[PDB]
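Take a look at this single chain in structure tokens; it is the form deposited in one PDB entry.
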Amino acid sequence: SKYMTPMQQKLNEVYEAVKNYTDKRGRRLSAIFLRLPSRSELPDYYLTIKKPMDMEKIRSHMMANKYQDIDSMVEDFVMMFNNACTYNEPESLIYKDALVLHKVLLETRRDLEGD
């Protein structure tokens, strides 16, 4: 029950790498990516963004064993970061953090390449 398969562990490690990333100043960038606002808190968002995505949705999908490989998980993270960069202006913190976390994501995948 509690022992993950290698693929489950890899998925978890990728997810945790993005979640736990702290920069050189101690700032945990993922805090604002965990959960989107509701449709009634920010309707404009859901009019603008075709496929809403946040880390909780990612985590839920992973916990359900719905990701069959790492690339499928990466695709959802990419969607999330691209949505943040579509809704928000390039000057904004959310846009900038999405770029940093995208780099964390890809470096992590590359680092785990051989497992």
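Only residues modelled in both forms are compared. In this text, residue numbers run from 1 along the sequence as written. Under this definition, the rigid core comprises the largest set of C-alpha atoms superposing within 1.5 Å between the forms.
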Query - Stretch with the greater mean C-alpha B-factor as recorded in the entry, comparing 87-95 against 21-29 - result: 87-95
Query raised in the report: Is the mean CA B factor in the deposited entry higher across 71-79 or across 47-55?
Result: 47-55
Query raised in the report: What third of its chain's C-alpha B-factors does residue 34 belong to: lowest, middle or highest?
Result: lowest
Query raised in the report: Hey, what third does residue 60 fall into on Cα B-factor, ranked over its chain?
Result: lowest
Requested in this report: Name the third of the chain's ranked CA B-factors that contains residue 16, choosing lowest, middle or highest.
Outcome: lowest
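FYI, the form deposited with a small molecule bound isn't displayed, but the following is about it.
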Requested in this report: May I ask whether 54, 80 and 94 all come within 4.5 angstroms of the small molecule in the bound PDB entry, judged by heavy atoms?
Outcome: yes
Requested in this report: Using a 4.5 Å heavy atom cut-off, state whether residue 42 contacts the small molecule in the bound PDB entry.
Outcome: yes
Query raised in the report: With a 4.5 Å heavy atom cut-off, would you call residue 67 a contact of the small molecule in the bound PDB entry?
Result: no
Query raised in the report: Heavy atoms within 4.5 Å of the small molecule in the bound PDB entry: does residue 62 have any?
Result: no
Query raised in the report: Is residue 50 close enough to the small molecule in the bound PDB entry to count, meaning some heavy atom within 4.5 Å?
Result: no
Query raised in the report: Superposing on the core, what residue ranges of at least 3 consecutive positions move by 2 angstroms or more in Cα between this form and the one not shown?
Result: 39-43
